[PDB]
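Remarks on the structure that follows.
Here the Cβ positions follow ideal geometry from the backbone for every residue, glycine too, while neighbour counts run over all protein chains shown. Nothing in this text is a laboratory measurement; each read-out follows from the coordinates by a stated rule.
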Amino acid sequence: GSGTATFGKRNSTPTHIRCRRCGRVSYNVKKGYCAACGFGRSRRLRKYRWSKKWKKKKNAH
Amino acid sequence: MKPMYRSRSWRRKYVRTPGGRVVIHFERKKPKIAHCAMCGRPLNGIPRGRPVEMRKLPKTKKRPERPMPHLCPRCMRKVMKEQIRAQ
Amino acid sequence: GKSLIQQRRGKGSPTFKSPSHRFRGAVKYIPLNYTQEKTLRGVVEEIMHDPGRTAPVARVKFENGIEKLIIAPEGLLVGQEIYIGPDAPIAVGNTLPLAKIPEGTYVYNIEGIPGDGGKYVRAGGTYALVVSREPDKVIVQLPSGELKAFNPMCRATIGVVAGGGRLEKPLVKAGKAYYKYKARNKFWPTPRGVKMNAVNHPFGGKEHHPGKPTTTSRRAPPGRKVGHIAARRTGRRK
Amino acid sequence: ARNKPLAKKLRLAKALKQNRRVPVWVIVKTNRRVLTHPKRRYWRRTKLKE
Amino acid sequence: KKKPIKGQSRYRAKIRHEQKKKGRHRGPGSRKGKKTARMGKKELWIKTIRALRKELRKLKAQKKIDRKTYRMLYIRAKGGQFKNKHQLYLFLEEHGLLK
Amino acid sequence: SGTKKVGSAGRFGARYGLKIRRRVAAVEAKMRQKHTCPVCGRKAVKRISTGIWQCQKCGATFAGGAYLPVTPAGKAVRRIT
RNA sequence: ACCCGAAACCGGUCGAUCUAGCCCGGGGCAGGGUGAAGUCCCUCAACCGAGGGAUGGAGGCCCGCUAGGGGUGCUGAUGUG
RNA sequence: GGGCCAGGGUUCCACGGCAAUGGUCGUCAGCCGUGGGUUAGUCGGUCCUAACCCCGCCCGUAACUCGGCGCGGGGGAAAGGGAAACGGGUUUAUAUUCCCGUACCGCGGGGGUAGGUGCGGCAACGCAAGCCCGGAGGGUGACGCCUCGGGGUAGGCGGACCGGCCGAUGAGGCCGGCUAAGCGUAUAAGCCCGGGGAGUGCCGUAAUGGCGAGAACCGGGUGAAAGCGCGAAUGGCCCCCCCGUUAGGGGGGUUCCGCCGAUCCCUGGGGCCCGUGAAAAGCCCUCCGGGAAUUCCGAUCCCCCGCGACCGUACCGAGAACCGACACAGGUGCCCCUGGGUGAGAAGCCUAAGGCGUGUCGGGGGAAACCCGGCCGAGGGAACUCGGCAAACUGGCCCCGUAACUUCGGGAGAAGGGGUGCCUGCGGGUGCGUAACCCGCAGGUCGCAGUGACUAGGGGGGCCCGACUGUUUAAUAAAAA
RNA sequence: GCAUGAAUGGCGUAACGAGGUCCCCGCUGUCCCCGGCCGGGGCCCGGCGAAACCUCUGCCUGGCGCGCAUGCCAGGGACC
Ligand SMILES: [Zn+2]
Ligand SMILES: [Zn+2]
Ligand SMILES: [Zn+2]
């Protein structure tokens, strides 16, 4: 166990689906919030200074 | 069969069609019989059936024509005797 | 190190939270306004088994249309009538203030404060005894052997709680215990701290012995109160 | 899956329409400099982002 | 065209069934299940007791025995004294309880 | 039904120990008897649940002990009242 | 501070589709054996007793390549499978 | 093999192809090019609520997108609850969705009628049994595990008859002999209604059991799955004949008895809990209050007319369409279902239906040595080895027989011994039966061997540890932990 | 009793165990002592066709040597 046979149980509900706000497939469906933009958990975008992901979008890094 | 029909809440019947093909028919189970409010004994004159069957019938074909159709005859007579004596 | 079972229980996780939805509901007395200065009649409609209560429960419908759930006293009959109030006759199943209950009587479900709903003597098969009555306090002997003083206006029910003797029979099987404790979501099976690693328990270690006395101070901090807490003594009393 | 939501179905439809080859007239107009696009996809090999 | 089915035959099985009815292919060496598995217990008791009750009721209806005799034989049958109606009739004739 | 000692504890076979089996058998034998009903006064009382007993003739149902319809404390309070 | 290489330490965040625990709602376990409590009947004597035969279906019971689950030995095969 | 979730997202269908992909080749393809394909009042989502979650107020925090009790609002199940449709046909690809035939539910409307103002029964009850608005109560929805009786239905078996194929154009074998929702219609168990007045007691069940708090017994009421009639032969199935250059057209039949019988349905018993095995929506009835109705109002009853929105619907569903980098011997889904013989058996073996020859590189050969997987080996029988490791012995069923010890339950299938095939006739149990299932008896006879293949325990005696069932280091430790 | 001992329990114990250990019947290719046969590889032929690894090379006896040399010293062999 813990190897090849384990990955066969990935046929359940996906953990993350598309997010209506940011358009990225990071919407935690069971809990009900986005792991990228914070949709459904906060009104303001989830932005952190230690993260370069939101700078990569606008080539501003 | 579909996962919904895999449930045991459906009763399944095997039938053979006039065209010669065997088919599986699923039906919803009928409810239980009405029971007396006081002692819990089964009532009489109240047919069993799901809501559609119950609505398929007229008013007088789904309950007895006597006062307090929700009680069995002993309870009905007992309650009326007590009420008359109290009055 | 790592946390203890008692430490983890304080965070209210589902592993430790009680399943208060399988049960029939709390059994509290009707509001004191109804019961004080007035006496109400009620009829016992049903007696049933409460998953986590250790005692049977009963449904009562009062003359004012109020329905309530009570702890059934031993010998209670379905369809009988009970009375709640100062003028209630002294009989099993009747609730009335301690001031009106003669001494030498068995009572249960005593109110700690007038109108609190009852805290004391609620387990199955338990009862308390009325010792003395005074204008400012009523002395009652509790199941633990303590003489406690209650306000005279505190309410109690006459009789003994049904379901006594439950401990006479063995729980023969680990499965029997499994179902008993799963009914209320109590931590079972339980481990022994002496067989844990040193990271987990004060008594943990490769050797399966406590390296320190098992009597812990009452002033010890959380994560250390294990074994015999503030024990006056230990062992067998001769 | 047998049961699908409309929004996911529409996104899958957009991806399906995207997955096609470059027009031959586009190739000749561009003089063979444009021969493919980055959205080509094989269902059993390259899986959709959703 | 649609080819016809290659239907399996039951001729040998039919012959074997006739032989077994006669009493063949039934010895100890042709048995695999337990004797109870072969002739169940509760079903046998049900058959015999229902037969005995039916016979007793028939006798009472025909008036060959009185009410006391019917009662005594009923409790005896429940107790299991009689393993078959032949033994029941042997008891009747032996005790002279049959009119 | 013809067992010298095991009684109702014969379902356990050779398990759980002499004292456990004896105490189980005694408690169950006492509980499974027929008890006098407090209403109709006939020996037709059976336990339907832990602490709940019912008469099989008149239908009266009451609350009693875990394994016996009446306990010493209940008897004492009944006589006192 | 000529250039490369650490185990590690701190901050904020992401994870219970694997796996651990618990809650809610649901599907499954061929065939057979043994025979607990309960409930009885028959025969001779009767100052006591003695001799037989049923019924009933419990079990963290038993055999079992049913399905399903587990992984003791061969330290078997494979061990760029 | 058949049906189908999750996941995949065009992989589905036709035509045209083989530069690349496919463990070889390939004219083939889940591959490349072109053009197509998913039709719903009834099937699912949509409605209800379960565990649980979210927003607002409120409190805390330096503060917050952070932690939190109480009040108010909302969400939360495509296998829980929950209105209504099934046959035939059609396309290369869709059909409970399209076409024909026959139905049902929701809303609104029109013409009548029951009733407002009506009856039959001692009774249980039988009835069309007034309309609208608001409220209360009862029932149903609505429920654990184990075990057994009764009533059915799928499927299966034997016989007769009709048509057809093989066979000697003998005996004999096989193939077809079909029937949906909907509508109308009754009993079984359970419970009830009247009469009746028992005990040196009777009555009854598989069993437990019931009776002056009302038994036996004689009349009845209500009450399921089913069967029966229409639907319905004009449909489907088998066969025959004439035209046969393509292309077509007609005539027959499709009828009965006897058994076994479900894990599929309906219904009642009994037992267990220190274990008590969901809620709401919806639906039915009753009762209270209020509002109209008399040349008038008015249905839960008959007849008819109109309207019923949004989204999924192709396909695989796995030893090649999912996850694991793969057309991966793993995992997910074996999640639901299964003719005949042997047989206790959903075991092993053979075989019908359906499927496949793609668990996709082929050809040659006394063509060796050696390695993996199997079969047998004379004489001895553990002398091998750390150690009987591996293999071997026994093996199903019937009968006899069975020790130390013991917690009296067990040990126990202890140990050990005898039998087992086929054929010809009888006896027995339940049964109406010479139907079906099972149980004995006598005789004749063949082999080395009769559980002849398949299936299928080797046994006993000391000691240590842990009482037992159970759990553990997923990937070197299953243990005395 | 180098250095056991009574709830970090003492002693005993029926039933149970893919736990550890000793003995006996029966059995056998474990062994004396290995020999035949069957299917798949191995081998040859037609196709598709890699990887680990690689300073350059690559015969020996006595030795010197960072003390155990295919490559140095003296000898012996060696057709590809
Ligand atoms: Zn987002
Ligand atoms: Zn009643
Ligand atoms: Zn009673």
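Odds and ends about this structure:
- Residues located in segment C:174-197, provided they are surrounded by 13 or more Cβ atoms within 10 Å (Cβ to Cβ) and under 19 Å from residue F:9 (Cβ atoms): C:177
- Matching residues in segment C:138-166 - criterion: being among the aliphatic types (A, V, I, L, M) and over 30 Å from residue F:31 (Cα atoms): C:138, C:139, C:140, C:147, C:149, C:153, C:156
- Subset tally (residues that are in a loop (DSSP other than H, G, I, E, B) and more than 8 Å from RNA strand G (Cβ to nearest atom)) for segment A:12-35: 8
- Whichever residue in segment A:1-40 is closer than 23 Å to residue D:3 by Cα and among the charged types (D, E, K, R) and, among such residues, is farthest from ligand 2 (Cβ to nearest atom): A:24
- Filter result (near ligand 1 (Cβ under 6 Å from one of its atoms) and over 18 Å from residue D:11 (Cα atoms)) within segment A:20-47: A:34, A:36, A:37, A:39
- Subset of segment B:5-26 that is among the hydroxyl-bearing types (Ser, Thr, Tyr) and outside any strand (DSSP E or B) - its residue that is surrounded by the most Cβ atoms within 10 Å (Cβ to Cβ): B:5
- Selection of segment F:11-70 for residues being closer than 18 Å to residue C:54 by Cβ and touching a helix residue (DSSP H, G or I) at 6+ places or on another chain (Cβ under 7 Å) yields F:47, F:67, F:68.
- Condition check for residue F:3: more than 26 Å from residue C:58 (Cα to Cα), hydroxyl-bearing (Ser, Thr, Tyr) and more than 16 Å from ligand 2 (Cβ to nearest atom): yes
- Complete set of residues in segment C:27-40 that are free of Cβ contacts under 8 Å to residues at least 60 places away in the same chain and loosely packed, with under 15 Cβ neighbours inside 10 Å: C:33, C:37, C:38
- Filter result (in contact with an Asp or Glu (Cβ under 9 Å, 6 or more places away or on another chain), away from every other protein chain (no Cβ under 14 Å) and part of a loop (DSSP other than H, G, I, E, B)) within segment C:57-86: C:85, C:86
- Test: residue in segment F:15-24 that is on the phi > 0 side of the Ramachandran plot and away from ligand 2 (no atom under 16 Å from the Cβ): yes
Each row is one residue, and each column tells you yes or no for (1) touching an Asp or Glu at 6+ places or on another chain (Cβ under 9 Å); (2) more than 30 Å from residue B:13 (Cβ to Cβ); (3) loosely packed, with under 10 Cβ neighbours inside 10 Å; (4) β-branched (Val, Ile, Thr).
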position	(1), (2), (3), (4)
B:28	no, no, no, no
B:33	no, no, no, yes
B:38	no, yes, no, no
B:45	yes, no, no, no
B:59	no, yes, yes, no
B:77	no, yes, no, no
B:86	no, yes, yes, no
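- In segment C:37-52 there is no residue that is of a type in the set (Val, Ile, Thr), within 14 Å of chain F (Cβ to nearest Cβ) and assigned to a loop (DSSP other than H, G, I, E, B).
- Extreme residue, surrounded by the most Cβ atoms within 10 Å (Cβ to Cβ), among residues of segment F:30-50 that are within 16 Å of residue C:162 (Cβ to Cβ), more than 8 Å from RNA strand H (Cβ to nearest atom) and not β-branched (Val, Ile, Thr): F:35
- When F:39, F:70 are screened for being over 16 Å from residue C:49 (Cα atoms) and either among the charged types (D, E, K, R) or within 9 Å of ligand 3 (Cβ to nearest atom) (or both), only F:39 passes.
- Residues that are charged (D, E, K, R), exposed (fewer than 13 other Cβ atoms within 10 Å of the Cβ) and over 19 Å from residue C:183 (Cβ atoms) within segment C:3-17 comprise just one, C:11.
- Any hit, segment B:50-65, residues being more than 6 Å from RNA strand H (Cβ to nearest atom) and touching a strand residue (DSSP E or B) at 6+ places or on another chain (Cβ under 6 Å): no
- From the options D:1, D:15, D:7, residue that is surrounded by 11 or more Cβ atoms within 10 Å (Cβ to Cβ) and within 14 Å of chain A (Cβ to nearest Cβ): D:15
- For segment F:5-24, a tally of residues being under 16 Å from the mean Cα position of the chain (by Cα) and either within 16 Å of RNA strand I (Cβ to nearest atom) or closer than 16 Å to residue C:165 by Cβ (or both) returns 4.
- Pairs where the first residue, in segment C:160-186, is more than 8 Å from every other protein chain (Cβ to nearest Cβ) and in contact (Cβ under 8 Å) with a residue 24 or more places away in the chain and the second is of a type in the set (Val, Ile, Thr) and not in a helix (DSSP H, G or I), C-beta under 8 Å, 6+ apart: C:161/C:71; C:161/C:121; C:161/C:126
- Residue in segment B:68-83 that is farthest from ligand 1 (Cβ to nearest atom), counting only those that are farther than 24 Å from residue B:49 by Cβ and either more than 14 Å from chain F (Cβ to nearest Cβ) or touching a strand residue (DSSP E or B) at 6+ places or on another chain (Cβ under 8 Å) (or both): B:81
- Strands (runs of 3 or more DSSP E) contained in segment C:87-151 and holding at least 1 residues among the aliphatic types (A, V, I, L, M), without any contact (Cβ under 8 Å) to a residue 40 or more places away in the chain and within 14 Å of chain F (Cβ to nearest Cβ): C:128-134
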